[PDB]
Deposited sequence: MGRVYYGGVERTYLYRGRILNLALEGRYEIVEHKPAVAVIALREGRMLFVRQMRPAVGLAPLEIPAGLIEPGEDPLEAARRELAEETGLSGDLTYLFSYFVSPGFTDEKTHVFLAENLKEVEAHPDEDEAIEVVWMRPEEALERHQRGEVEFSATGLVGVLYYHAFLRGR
């Protein structure tokens, strides 16, 4: 059960636990938002993958914040919107090697609170049906958060 640390970083630590390679990572949040049949996706260059996958607004929980507060913050910083947020569920992104846990919220009754992360983040309103069709046609890649948003919409928001 003990860990020995190979790297202590900015957004992760690398440890060994016995024979296991473990990446400790801050928890994250993600926000599903629908308006007039379009879901609020975002894209940004992601150096780990060398491309900009289709995501939903997401970010890390910072010191002092709970998940709800982090979700409100990254919705505003990434898209300039506020909404009424409801906790949906959480998931471990890849529990075979990392402890990153993502907390997912629904946002309703959106309002623009900032006109304008604008240089870094592209806001992509798109019907989820179209996002899934583009992905099936090889036109865009998903992050887990983007795919979860699309599936949740099809399951519960039509």
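Enquirer: If I number the deposited sequence starting at 1, which residue ranges have no C-alpha coordinates at all?
Expert: According to the deposited record, C-alpha coordinates are absent for 1 to 8, 125 to 126, 169 to 170, which together make up the missing parts.
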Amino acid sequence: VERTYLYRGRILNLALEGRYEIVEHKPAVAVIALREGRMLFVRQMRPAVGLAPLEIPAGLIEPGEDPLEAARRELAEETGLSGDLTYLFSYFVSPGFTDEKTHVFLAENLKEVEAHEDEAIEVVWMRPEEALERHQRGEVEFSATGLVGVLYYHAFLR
From here on, numbers count along this sequence of modelled residues.
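Enquirer: Hey, does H116 drop out of the model in a third or more of the other PDB entries compared here?
Expert: Comparison shows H116 dropped in at least a third of the other entries.
Enquirer: Of 99 to 107 and 58 to 66, which one has the bigger average CA B-factor?
Expert: The recorded data point to 58 to 66.
Enquirer: Looking at the deposited entry, does 35 to 43 or 117 to 125 carry the larger mean Cα B-factor?
Expert: Per the PDB entry, the higher value belongs to 117 to 125.
Enquirer: Among the modelled residues of its chain, does the C-alpha B-factor of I22 lie in the lowest, middle or highest third?
Expert: CA B-factor rank for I22: middle third.
Enquirer: Tell me, lowest, middle or highest third: where does the Cα B factor of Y152 rank within its chain?
Expert: Its C-alpha B-factor belongs to the lowest third of this chain's values.
Enquirer: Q136: which third of its chain by C-alpha temperature factor?
Expert: Its C-alpha B-factor belongs to the highest third of this chain's values.
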